Number of protein chains: 6
Amino acid sequence: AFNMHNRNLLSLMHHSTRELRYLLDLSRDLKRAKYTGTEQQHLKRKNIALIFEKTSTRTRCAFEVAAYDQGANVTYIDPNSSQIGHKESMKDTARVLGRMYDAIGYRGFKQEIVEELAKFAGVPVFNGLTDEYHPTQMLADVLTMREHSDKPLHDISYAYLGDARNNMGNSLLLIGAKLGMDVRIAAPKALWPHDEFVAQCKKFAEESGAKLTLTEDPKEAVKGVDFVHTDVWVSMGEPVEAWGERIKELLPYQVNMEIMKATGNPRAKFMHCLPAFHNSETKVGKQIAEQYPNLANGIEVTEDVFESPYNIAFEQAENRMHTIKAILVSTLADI
Amino acid sequence: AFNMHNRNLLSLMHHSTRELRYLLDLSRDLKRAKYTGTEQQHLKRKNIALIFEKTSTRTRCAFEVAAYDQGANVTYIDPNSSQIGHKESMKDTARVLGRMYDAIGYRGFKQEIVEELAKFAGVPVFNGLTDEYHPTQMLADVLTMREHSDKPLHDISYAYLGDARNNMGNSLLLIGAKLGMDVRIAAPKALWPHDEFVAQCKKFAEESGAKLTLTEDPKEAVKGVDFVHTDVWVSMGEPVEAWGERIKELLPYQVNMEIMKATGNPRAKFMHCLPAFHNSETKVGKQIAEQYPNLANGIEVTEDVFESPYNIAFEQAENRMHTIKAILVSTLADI
Amino acid sequence: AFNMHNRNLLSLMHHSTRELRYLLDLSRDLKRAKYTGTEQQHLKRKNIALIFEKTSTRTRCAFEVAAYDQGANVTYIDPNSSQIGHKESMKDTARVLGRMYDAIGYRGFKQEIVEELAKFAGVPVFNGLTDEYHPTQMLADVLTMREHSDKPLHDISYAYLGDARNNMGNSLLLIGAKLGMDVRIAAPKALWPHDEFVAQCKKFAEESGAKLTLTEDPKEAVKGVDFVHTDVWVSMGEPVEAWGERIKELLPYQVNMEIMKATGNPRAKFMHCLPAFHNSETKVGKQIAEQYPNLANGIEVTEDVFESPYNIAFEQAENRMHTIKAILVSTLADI
Amino acid sequence: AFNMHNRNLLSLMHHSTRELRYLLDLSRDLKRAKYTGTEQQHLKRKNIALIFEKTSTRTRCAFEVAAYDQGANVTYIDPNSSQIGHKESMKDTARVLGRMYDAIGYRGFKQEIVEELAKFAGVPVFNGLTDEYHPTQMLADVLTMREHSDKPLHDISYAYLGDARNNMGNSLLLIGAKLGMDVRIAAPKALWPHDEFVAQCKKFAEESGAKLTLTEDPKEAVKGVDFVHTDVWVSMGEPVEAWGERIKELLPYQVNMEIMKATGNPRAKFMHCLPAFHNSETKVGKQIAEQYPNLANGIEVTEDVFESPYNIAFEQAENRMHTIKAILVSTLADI
Amino acid sequence: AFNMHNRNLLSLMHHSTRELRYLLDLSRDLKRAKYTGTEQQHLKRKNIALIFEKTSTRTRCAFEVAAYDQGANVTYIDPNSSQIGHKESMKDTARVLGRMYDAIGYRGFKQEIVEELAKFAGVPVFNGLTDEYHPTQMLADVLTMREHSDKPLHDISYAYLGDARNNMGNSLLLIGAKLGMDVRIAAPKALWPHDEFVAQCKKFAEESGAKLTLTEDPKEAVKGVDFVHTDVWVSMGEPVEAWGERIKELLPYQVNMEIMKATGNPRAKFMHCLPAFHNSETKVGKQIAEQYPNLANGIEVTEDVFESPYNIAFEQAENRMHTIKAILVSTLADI
Amino acid sequence: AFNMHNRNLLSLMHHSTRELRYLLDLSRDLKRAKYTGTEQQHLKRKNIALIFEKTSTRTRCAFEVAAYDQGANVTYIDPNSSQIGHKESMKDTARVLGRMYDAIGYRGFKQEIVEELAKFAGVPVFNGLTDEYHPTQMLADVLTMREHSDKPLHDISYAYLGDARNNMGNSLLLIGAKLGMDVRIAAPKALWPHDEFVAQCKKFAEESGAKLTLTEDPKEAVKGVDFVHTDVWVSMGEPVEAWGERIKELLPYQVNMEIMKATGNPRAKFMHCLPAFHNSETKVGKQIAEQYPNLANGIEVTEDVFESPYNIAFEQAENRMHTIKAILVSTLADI
């Protein structure tokens, strides 16, 4: 053994550097097993339910392909007709569904609800995700930094550029800290993680040899790094008429061929957990491009970087499937 | 043999006490087979279609898990985009779909349509359900009364409290009558099954030794019973402003710790084919709780009974999966 | 070998009479394999994604049953929540999805998009269909004409009646031309395929011995044919108030028992790639029947032909599943 | 273990209430295993021989189907050409046949011969039966009384009506006595089992709580019983001209709707180990009906009971197959 | 699907040209599957009973080999000791036997009895045959005409010579009519099918393009046909002393090398559903040969045709096994 | 290879000492394979037909068990209803039966018929036997002499006592001659094999080192032999009243404890291909015992030898099954 058999993965802020390393070694070896055809199905006859409150195709397909490779079966239950709070309640419908399913994947907004599901279901609940966010895109990215750089975890350094609050900034700092990598965040001080959370990331960062800068100067943050990360900072919905101040703020932190070449090294790569606003060929992306001519070519990533080889965003998007398979196999599988 | 191979289960009012007993022995033994891992897949390579006109997750998941345990495969076809009466017609689309599928599950409102499907499809049609209602929650409940009480079918007595017209009242009386159990209904006379149907249930009740009371006095109806059943009587939609008279009527028939203790026996259990309005933690359930302070704690079941061990509603909800598996295995399977 | 392993079928206007014959021999033999139980699963452990921009149940079920018989697994991705052009772009989401899936089925309006998918996905893309339309209902129909008539392809003649522009008219002429059958189109000259396309169909028609008439006289077109084809010519949406001129035009081309008996032969059959407006028992079909009393019994096919044995429309509808299985097995399968 | 591996079942008058209960639990569970498809073949590669001196189709088919479900193979050897006493001798041909077969089924008249076979064969000999009669219709019937009444063995009571000497009367009293059921025999005193055998059945009846009446009054015997048993009392052959006195004797003991309603209870059932003279539609049954107009509608069972739902004679006839399978699996099978 | 799952084949005068074509395509493909070793067993663990009232080896062996290739198991029950009408009744013994078997094959004289069996058994009853006769030698012969001529069904013409009343004459006309072949009967007018049956065969013959002559002139009937059929017209039993008038009647209709060469074509073949009186080397055939010197070389077929290559009677006799396998696989098998 | 694949064994007088040795090594090793459970089934999916004109249970069971161990399937066709010469002819029914079966076993009187079967069937014909007699009891006995004595074939000597004409006498001399054993026949000169056949057995006896005496003195013939053989010499049927001269002739050649002790050696064994008239406990054996008091204890073998350990007649009777399995596996099996 040395197992985490039956453990929910409902978003963990709590996990040994030892469990996190077990979980990434297992996804590394399950990726290699698929490719080589050495993969054996250890979830045959297991049926999982997938309750998604927001539609999220890339996370549904990752659960669906991972569950299927391992012989499991999947019931996708929508946003359109899982009228959850309507007339039923997560507590009452998790109790019915842990009686028919073997594990449950959840993806909604309100992490508070994930906890009811996890509490009452009676069977592994895997938070695919919520706002509070992601355990698995966390381990997908570091699975990606590790296989591509071909260096031990602790000789990988990377930077995150701007709005380290929309929490890909927090989740990258959290895992760089527990695994002892060299993580640098580059955002304007109004947008750093709140300092009690950086205080935690420093508690962690000390037990491992982790280095954490937090600057506001991109060219610095990104110096000699392997892997530059960014993420869409404009909030679709807070209308659009005048993203203007937000756009004036983060537009220095635009990952672009100056920032990429600004890193020291010809092997630095760009990563982004998609969708990336990187040109006008989308309907959101023509709106913005009208009201802002100088975007219309990439808001937080320019096409001059997105569509040419600094970009491993799709190999990283795939790696999210090999991680959810690491989570279904150490929770469920007969090993 | 002794089979009902190829027989549609499209809602049967017609079935031998002998077929009903075959069908409950088979679900009893298929439940035990899952648990023990003695279950063999006898529907491998069978694909069933599931046309649902109203969304019903608990009945979709029961079809889906049952079909999957037995190696079958399922195509779920929505309410959103099975524009059935629109430009096609059940008669024309059942003829196309019996050519690609092996059996079809249906769940719509209008039992009249189930019959077209059953008539023209060319392949087993299983009425998951309609308004005319349920063959399988009928056999799920008596599968539940029988395994929990550990008594022969004929030494199980149970009561149904109020609005024995919204037909869980009819379906419980119908099957208590054919299997010779002791079934008591407790509702105000304006809400009894119409008497030609009780006349039928008495025809039946005589061939078996079945006892049928129909009172309006709860404490009587429920005396010395095993299993007390109820069901939501407020009709979501007939607006809400003033359920008042309905609420003044059925509120004496509220299953609650007086009614439960009112039964004679410390082993009586409560059953309900979910959703049960049993507190305000739902959005329908905050509406009502505002307009009616004295509900806001359970309309037809109080939380003082729902959330503490008189309640086997979830073991009964699971038992609906082991019954639909009894119906796919005696219709389809190679045995 | 002699394979088309890895070849996308994204709608081919380009294909050898040799590949088309390989593809119909394979669906013929895969139909027979299912029926006889000689079918072996050669797609086990293959997962395909099905992105449908318009809901199309009959084409989803054909992909779903074909993929399943062969052991594959299917992720259906809706119209409701594949907000494709919204904030992502086919080019970016095909690159993510060819990393998790093994092949992709597509069905949208805009053939232009199918090409992005096919270009960037990295894995077989099968156009289930678009407006530009169908490779597989093309081979389903000729699979149907060939097995039912029991004659070699070149001794099958058939007619298409009216509006040979709504392209079932073009696709029937295209394949009658490449396979050397005797194809006759019967429509008013304002509605013939545009003559540069008939010029192509004649280039083709010469290399094979194909005969192509194009008349405006039904009784002529249909003389001594095996198989009479038609299709709904009223465009649901271009309002309805006054289909009148369209209805006055094509109403001579109504396939009906005069046209069917007008063929020479007691074995002529009617075919139609469903839905067929053939009576009022539908909600579109009561609208029209009100505004047009003399339809209300079949717009392009009368019930006097649709519902009685000249009609093989459902055996042809099934044959669409055995063709998509011929396309998944020569693209994907390990043979 | 706890096995009776290798034990002949050549008709046992000697068997623990413990072995008899093992043998009926095993046939109960092997019935359920067939129905559920949980049955595994534990006699693969075992060949049994079936020497039948009188033709008996219902007992051959029960051996044949039971042996086959379990993967064994069967050689049926006739009455027509097993000229046994002719020029060979059971002792000499059992020694040859235990060298080629794995077990032997026997059915002849003379129980004395069964013993030679059992003594010299060298391999399990299962007495299918002789005049001395049946071990397996004994356990088939009580397997039937037990599953149908759904009561523990000791709360089942039953009656046998008239000629408790033609030994279905003895075999029912013998097993009611060892298993502690409530067995009542109803026959005229000239036709009771001989009293030293009732003395044995009382020795037995005391160790278990068994009640044994022996009356001559049907309406009494049958009072409040579950299951009324009878059997053909006219001996085909002792000519026919004048069965008259026999017919005047047992004709009060005719099971008929007075006797069936005479039992207390609406669930009493009739059982009979077929053939049952129950009407004239047979050639023996037209003979008798001529010489006796008032029979010609059922000699020991009237059609008014045989052909309408008090009659479980065919479910009991099937249960004879699940018992012979309990006997081949505890003798032979690798468990 | 498109199945006839569970359908008895107890002799059908009622069957779609569509079911008959399904049934012959399936036997065609099951013949090819045996030869090629592509055959999979889809009746494993199915046991069928074969009640034969007249001994018929060629029909027993065809059931037995077909049932065995598909993994089923067979209990043959004789004429010698199935004393059916004796003391039991088909209605009572079918109810016992549908409880142990999975399907039942029957072959007796009295079609009236087949119907009781089919009505009460509870499991597929396949009429192997009766006097009313054969569904399967009907489809064996047309399976034979179709594979040997290599022409579509409708380009096969054949003739039947004399005594088109002994119903091979009726069954050949019936199926030539439903499948649209060109069927000619050649018998003296006293021996034509009775005209209300030819009136039926003409109803049928019109919906398909079937041609039916009925002449009394052999050389005409047989002109340019593929396949000449005949059958023994002397009734063994209506003594023998003086078959004389029968022999003077049908002796012009003797299929012989004049009639065979009288057909137009060097590929015409002779067919006969054996036994064929075609020489004296039999004990019936020496009797007749004495009393009739000029027979003694072939009564309805001369040895000059029977024993030299116009004769496909044995390939047709085999084809009766591949048809009964088409009937066990579409009734029983898990496909 | 080195095979006799497809070779009929229809009784061979022609066979290399090399094929006979191959055939006995193979039955030796197939006996050992059964016992050890090293036996693999190499006849799976092979069906053989068994046409028996005289009933012969011991030879049917040997074919049946051998065919079954190897996965084959068997159709037994009787004497009662294979009315062979009646109205059909071996030549015509072998042609039908080689089309459905894979090999055919035959056992009739008239070896002349075996040859028609073998000539026309088209598939291996194994003469189980005829009057002309046995290839397999020949190799069963020498398989028995060889395993029991544990000596090489050529150091086994044996004697046959009286009526070396009823051809067990010829078949023992024939095989002792080809395999070079020491074979002695002991019968009165009126009953020796006819001398042209002994002339053949001497041709043979010289190429191998075979010794052949033919004496009329038992005590001599049997001196120092291993294995003493005899066989019933009274012909049941040539009435019985006065077997007297036959009984006075062969009664000196009675194998009995004088003859057995008369051999030199304490390991000599008696063999007999059963039935052996060895006492009165049979109905033929009480007839004779009345008319001949001094028999009534064993005509050609006395019970003082038959029923006590000089007697290996039943191990030899079993060995007939392991030989017919050597013949089905070298003819049919995929090795």
# chains A, B, ... in the order shown; residues from 1 in each chain; ligands from 1
$ interface_residues --of "chain C" --to "chain B" --cutoff "10 Å" --atoms "only C-alpha atoms" --output "MDAnalysis selection string"
chainID C and resid 41 54:58 60:62 64:66 68:71 73:74 76 78:80 236 274:278 280:286 307 313:322
$ select_by_dssp --residues "segment 197-239 of chain A" --states "helix (DSSP H, G or I)" --output "PyMOL selection string"
chain A and resi 197-207+218-221
$ select_by_dssp --residues "segment 122-309 of chain D" --states "strand (DSSP E or B)" --output "tab-separated table (two decimals) with C-alpha atoms, in the first residue's frame"
chain	number	residue	atom	x	y	z
D	125	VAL	CA	-25.45	-43.74	-8.93
D	126	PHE	CA	-28.47	-41.48	-8.71
D	127	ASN	CA	-31.71	-43.20	-8.50
D	128	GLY	CA	-33.87	-41.04	-10.75
D	129	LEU	CA	-36.51	-43.57	-9.38
D	157	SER	CA	-48.78	-27.34	6.59
D	158	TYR	CA	-50.25	-29.43	3.78
D	159	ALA	CA	-52.67	-32.37	3.20
D	160	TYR	CA	-52.61	-35.42	0.97
D	161	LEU	CA	-56.01	-36.75	-0.16
D	182	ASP	CA	-47.42	-29.89	9.71
D	183	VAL	CA	-48.42	-32.82	7.51
D	184	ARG	CA	-52.04	-34.17	7.44
D	185	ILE	CA	-53.09	-37.28	5.44
D	186	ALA	CA	-56.78	-37.64	4.42
D	211	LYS	CA	-47.58	-32.60	13.47
D	212	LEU	CA	-48.98	-35.72	11.65
D	213	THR	CA	-52.83	-36.23	11.60
D	214	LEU	CA	-54.27	-39.14	9.58
D	215	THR	CA	-58.06	-38.69	9.24
D	228	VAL	CA	-53.40	-29.56	-0.94
D	229	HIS	CA	-51.70	-32.55	-2.75
D	255	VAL	CA	-59.64	-32.50	-4.75
D	270	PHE	CA	-53.02	-27.56	-5.28
D	271	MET	CA	-50.02	-29.73	-6.19
D	301	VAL	CA	-58.61	-33.37	-9.47
$ residues_around --residues "residue 201 of chain C" --least-positions-apart "2" --cutoff "7 Å" --atoms "only C-alpha atoms" --output "number ranges by chain"
C: 173-174, 177, 197-199, 203-205
$ residues_around --residues "residue 108 of chain F" --least-positions-apart "6" --cutoff "6 Å" --atoms "only C-alpha atoms" --output "PDB file with N, CA and C atoms, in the first residue's frame"
ATOM      1  N   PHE F  52     -26.553 -46.952 -35.970  1.00  0.00           N
ATOM      2  CA  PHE F  52     -26.345 -48.307 -35.484  1.00  0.00           C
ATOM      3  C   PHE F  52     -27.451 -49.212 -36.009  1.00  0.00           C
ATOM      4  N   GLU F  53     -27.226 -50.202 -36.890  1.00  0.00           N
ATOM      5  CA  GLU F  53     -28.289 -51.117 -37.322  1.00  0.00           C
ATOM      6  C   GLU F  53     -28.495 -52.155 -36.229  1.00  0.00           C
ATOM      7  N   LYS F  54     -27.533 -52.751 -35.510  1.00  0.00           N
ATOM      8  CA  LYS F  54     -27.944 -53.557 -34.364  1.00  0.00           C
ATOM      9  C   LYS F  54     -27.697 -52.663 -33.131  1.00  0.00           C
ATOM     10  N   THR F 130     -19.059 -54.674 -37.779  1.00  0.00           N
ATOM     11  CA  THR F 130     -19.977 -55.516 -38.530  1.00  0.00           C
ATOM     12  C   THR F 130     -19.608 -56.966 -38.224  1.00  0.00           C
TER      13      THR F 130
END
$ residues_around --residues "residue 291 of chain E" --least-positions-apart "4" --cutoff "10 Å" --atoms "only C-alpha atoms" --output "short mmCIF file (atom, residue, chain, number, x, y, z; two decimals) with N, CA and C atoms, in the first residue's frame"
data_model
loop_
_atom_site.label_atom_id
_atom_site.label_comp_id
_atom_site.auth_asym_id
_atom_site.auth_seq_id
_atom_site.Cartn_x
_atom_site.Cartn_y
_atom_site.Cartn_z
N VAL E 240 -50.69 -50.88 -53.16
CA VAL E 240 -49.62 -50.88 -54.15
C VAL E 240 -50.15 -51.55 -55.40
N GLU E 241 -50.84 -52.67 -55.17
CA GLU E 241 -51.62 -53.37 -56.19
C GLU E 241 -52.49 -52.29 -56.72
N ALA E 242 -52.07 -52.10 -57.95
CA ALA E 242 -52.61 -51.04 -58.74
C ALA E 242 -52.39 -49.68 -58.11
N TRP E 243 -51.16 -49.23 -58.28
CA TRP E 243 -51.03 -47.80 -58.29
C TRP E 243 -51.47 -47.50 -59.73
N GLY E 244 -51.27 -48.43 -60.69
CA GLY E 244 -51.74 -48.37 -62.08
C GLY E 244 -52.39 -47.09 -62.58
N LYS E 286 -38.05 -52.57 -54.99
CA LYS E 286 -37.99 -53.81 -55.73
C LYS E 286 -39.41 -54.32 -55.89
N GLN E 287 -40.27 -54.08 -54.88
CA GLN E 287 -41.68 -54.39 -54.93
C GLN E 287 -42.25 -53.83 -56.22
N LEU E 295 -41.11 -49.15 -64.39
CA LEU E 295 -40.60 -48.22 -63.41
C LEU E 295 -39.29 -48.92 -63.08
N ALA E 296 -38.81 -49.26 -61.88
CA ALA E 296 -37.56 -50.06 -61.79
C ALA E 296 -36.35 -49.41 -62.44
#
